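What follows is my_file.cif (mmCIF, C-alpha atoms).
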```cif
data_run
#
loop_
_atom_site.label_atom_id
_atom_site.label_comp_id
_atom_site.auth_asym_id
_atom_site.auth_seq_id
_atom_site.Cartn_x
_atom_site.Cartn_y
_atom_site.Cartn_z
CA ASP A 1 -10.55 20.46 -15.40
CA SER A 2 -8.90 17.34 -13.90
CA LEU A 3 -5.51 19.12 -14.21
CA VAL A 4 -6.48 21.68 -11.51
CA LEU A 5 -7.10 18.89 -8.95
CA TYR A 6 -3.76 17.40 -10.06
CA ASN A 7 -1.84 20.52 -8.93
CA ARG A 8 -3.55 20.65 -5.48
CA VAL A 9 -2.48 17.13 -4.38
CA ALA A 10 0.92 17.58 -6.07
CA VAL A 11 1.59 20.85 -4.15
CA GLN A 12 1.11 19.23 -0.69
CA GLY A 13 2.97 16.00 -1.68
CA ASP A 14 6.18 18.03 -2.24
CA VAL A 15 5.77 20.02 1.02
CA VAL A 16 5.81 16.77 3.07
CA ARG A 17 9.01 15.56 1.35
CA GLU A 18 10.73 18.95 1.86
CA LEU A 19 9.99 19.09 5.62
CA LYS A 20 11.34 15.55 6.18
CA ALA A 21 14.49 16.54 4.28
CA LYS A 22 14.72 19.38 6.84
CA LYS A 23 14.84 16.79 9.72
CA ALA A 24 11.72 18.52 11.10
CA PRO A 25 9.83 16.90 14.01
CA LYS A 26 7.30 14.12 13.30
CA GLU A 27 4.52 16.69 13.91
CA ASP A 28 5.46 18.61 10.72
CA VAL A 29 5.74 15.48 8.54
CA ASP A 30 2.62 13.76 9.99
CA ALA A 31 0.40 16.87 9.73
CA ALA A 32 1.61 17.70 6.21
CA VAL A 33 1.31 14.07 5.02
CA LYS A 34 -2.22 14.00 6.48
CA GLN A 35 -3.03 17.10 4.37
CA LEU A 36 -1.92 15.43 1.10
CA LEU A 37 -3.92 12.29 2.07
CA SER A 38 -7.10 14.40 2.19
CA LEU A 39 -6.35 15.60 -1.36
CA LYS A 40 -5.63 12.03 -2.53
CA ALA A 41 -8.97 10.89 -1.05
CA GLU A 42 -10.91 13.35 -3.26
CA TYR A 43 -9.11 12.01 -6.37
CA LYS A 44 -10.13 8.46 -5.34
CA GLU A 45 -13.83 9.47 -5.32
CA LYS A 46 -13.95 9.82 -9.14
CA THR A 47 -12.59 6.32 -10.00
CA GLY A 48 -9.89 5.41 -7.42
CA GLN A 49 -7.15 7.27 -9.35
CA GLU A 50 -5.53 8.66 -6.10
CA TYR A 51 -2.29 10.70 -6.41
CA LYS A 52 -0.82 9.63 -9.78
CA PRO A 53 3.00 9.49 -9.61
CA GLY A 54 5.34 11.43 -11.93
CA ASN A 55 3.90 14.76 -10.62
CA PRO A 56 1.43 16.75 -12.78
CA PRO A 57 2.02 16.76 -16.56
#
```

The structure in this file should be written as structure tokens.
Amino acid sequence: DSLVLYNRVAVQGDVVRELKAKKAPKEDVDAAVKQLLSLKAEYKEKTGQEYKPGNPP
């Protein structure tokens, strides 16, 4: 199901935004953003769809 992969990248995406809102150090934002990037890369493998905006349906 493509929806399952949708939730995985969406879950990290939000964690990065939350930490930055918490004024956390660059280490928390950089590491967390790197995590979401790995999820986005897998989505790209199918047809370059990457993290679609508007969160999961």

key: Residues near residue A:10, cut-off 7 Å, only C-alpha atoms, skip fewer than 3 positions along chain, as a VMD selection string   = chain A and resid 6 to 7 13 to 14 55 to 56

Suppose we keep C-alpha atoms; can you now write the selection as an mmCIF file, in the coordinates of the input?
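Wrote result_34.cif, looks like this:
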```
data_model
loop_
_atom_site.group_PDB
_atom_site.id
_atom_site.type_symbol
_atom_site.label_atom_id
_atom_site.label_comp_id
_atom_site.auth_asym_id
_atom_site.auth_seq_id
_atom_site.Cartn_x
_atom_site.Cartn_y
_atom_site.Cartn_z
ATOM 1 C CA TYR A 6 -3.760 17.400 -10.060
ATOM 2 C CA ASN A 7 -1.840 20.520 -8.930
ATOM 3 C CA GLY A 13 2.970 16.000 -1.680
ATOM 4 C CA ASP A 14 6.180 18.030 -2.240
ATOM 5 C CA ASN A 55 3.900 14.760 -10.620
ATOM 6 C CA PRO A 56 1.430 16.750 -12.780
#
```

query = Out of A:35, A:42, A:23, A:30, which residue has the shortest atom-to-atom distance to residue A:11 when counting only C-alpha atoms?
reply =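 So, comparing all the options, the nearest one is A:35.
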
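Interatomic distance, atom CA of residue A:9 to atom CA of residue A:47: 15.8 Å.
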
key: Residues in the PyMOL selection byres ((chain A and resi 43) around 12), expressed as JSON, numbers by chain   = {"A": [2, 3, 4, 5, 6, 7, 8, 9, 10, 36, 37, 38, 39, 40, 41, 42, 44, 45, 46, 47, 48, 49, 50, 51, 52]}

request  = Can you work out the spacing between atom CA of residue A:57 and atom CA of residue A:24 in Å, to one decimal?
outcome  =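 Those two atoms sit 29.4 Å apart.
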
request  = Between atom CA of residue A:29 and atom CA of residue A:16, measure the distance and give it in Å to one decimal.
outcome  = 5.6 Å

Centre and edges of the stretch 53-56 of chain A box, axis-aligned, 5 Å extra per side, as AutoDock Vina command-line options:
```
--center_x 3.4 --center_y 13.1 --center_z -11.2 --size_x 13.9 --size_y 17.3 --size_z 13.2
```
